[PDB]
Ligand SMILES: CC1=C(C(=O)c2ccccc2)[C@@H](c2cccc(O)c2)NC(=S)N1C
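Only one chain is included here, represented as structure tokens and corresponding to the form deposited without this ligand.
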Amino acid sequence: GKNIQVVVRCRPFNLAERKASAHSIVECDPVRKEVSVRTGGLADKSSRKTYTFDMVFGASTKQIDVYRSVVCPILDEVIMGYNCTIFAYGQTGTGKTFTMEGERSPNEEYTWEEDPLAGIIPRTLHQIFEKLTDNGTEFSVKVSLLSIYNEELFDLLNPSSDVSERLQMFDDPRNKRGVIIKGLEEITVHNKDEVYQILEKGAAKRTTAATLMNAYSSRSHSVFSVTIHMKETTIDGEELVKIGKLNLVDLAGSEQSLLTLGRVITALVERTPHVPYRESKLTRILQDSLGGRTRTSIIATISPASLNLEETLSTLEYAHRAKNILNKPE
């Protein structure tokens, strides 16, 4: 079965949309894995758009269910020493941050499974520290967070010297599918909770970028990379080294790297040779994590409000395009 999982997640009405007495036009059916939009400016009951995906998560879907479906199979591959990428795609205010970062529950117990509102990124770190420690495998975990705007790279974690300088990138001679981003701040994570500091720094930096770059907030991609270094011995000296990399990507709604990414995924899905990784910064950076038949995931976040009709249709079309799944009968 395809190693490229494409899922749609529709959030619930917030409260503001409630004040604007927003109403629903999106029809979620997680059993048939279909999401339908009911069009009609002057009220239409003779044409509704339906899409099918690998998974459809309605408003009541809890974080752990999204995580268990999308991330678990993938983290499995990363722990085996492979490179994988999980994308979050959708316009602002649809649910990427909630899905990718979520809400913290400090002062509480845990188990990567019990955290009620933790997002993919924190929960991933949470499962990593729990899984590898229970297994008794020696490991280290470092992370980076870069931004892509107007096909230029920006380090969102570098402490000093960080008010506008670009990161440079060039292929590196010993992994033709990889590239080297010199100067890219890589922060080592000693315990799961340390990720919150990182995300805040990233967020602050992102807040500044917006005051310098027009529509940054809606035209930037972020790649949050977590590298896992593992090693197990055998009281004989036999060492097994595994280095895994998981890219958590936040894609800006289609309201360049986005164009090339859809052609690459489509190409991987259709098995067309010559996947155009080189035609954008994002696809060059992730090339080595969209390698063999590695596992890939794309979460499309949408709003259930009629007011976002066009945006939802936009997001859905893109997800549908990346991996075309034929609608079932009836």
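Numbers follow the displayed sequence, beginning with 1.
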Discussion item. Can you tell me how many deposited residues have no coordinates between residue 239 and residue 240? The categories are none, 1 to 3, 4 to 9, and 10 or more.
Written reply: none
Item to complete: Read off the CA B-factors in the entry, average them over 63 to 71 and over 28 to 36, and name the higher stretch.
Response: 28 to 36
Worksheet item: On average, are the C-alpha B-factors higher in 39 to 47 or in 301 to 309?
Response: 39 to 47
Fill in: Selection from 247, 207, 161, 260 [criterion: highest C-alpha temperature factor in the record]
161
Worksheet item: Quick one: which of 102, 93, 106, 253 has the biggest Cα B-factor according to the entry?
Response: 253
Discussion item. Splitting the chain's C-alpha B-factors into thirds, which one does residue 155 fall into?
Written reply: lowest
Discussion item. For the chain shown, is the CA B-factor of residue 196 in the lowest, middle or highest third of its modelled residues?
Written reply: middle
Discussion item. Could you place residue 80 in the lowest, middle or highest third of its chain by Cα temperature factor, using the values in the record?
Written reply: middle
Discussion item. Ranking the modelled residues of this chain by C-alpha B-factor as given in the entry, is residue 267 in the lowest, middle or highest third?
Written reply: highest
Discussion item. Split into thirds by Cα B-factor across the chain's modelled residues, where does residue 281 land: lowest, middle or highest?
Written reply: lowest
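From this point on, the text means the form solved in complex with this ligand, which you will not see here.
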Discussion item. For the form shown, open or blocked once this ligand is overlaid as positioned in the bound PDB entry, with the cut-off of 3 or more ligand atoms within 2.4 Å of backbone or C-beta atoms?
Written reply: blocked
Worksheet item: What stretch, of 228 to 236, 104 to 112, 128 to 136, 69 to 77, brings heavy atoms to within 4.5 Å of this ligand in the bound PDB entry?
Response: 104 to 112
Worksheet item: Which of 151, 200, 172, 165 has a heavy atom within 4.5 Å of this ligand in the bound PDB entry?
Response: 200
Worksheet item: How about residue 244: is it within 4.5 Å of this ligand in the bound PDB entry, going by heavy atoms?
Response: no
Discussion item. Is it the case that residue 177, even though its partner is missing from this view, gets within 4.5 Å of this ligand in the bound PDB entry, heavy atoms only?
Written reply: no
Worksheet item: Should residue 142 be classed as touching this ligand in the bound PDB entry when contacts are defined as heavy atoms within 4.5 Å?
Response: no
Worksheet item: Counting only non-hydrogen atoms and a 4.5 angstroms cut-off, does residue 249 reach this ligand in the bound PDB entry?
Response: no
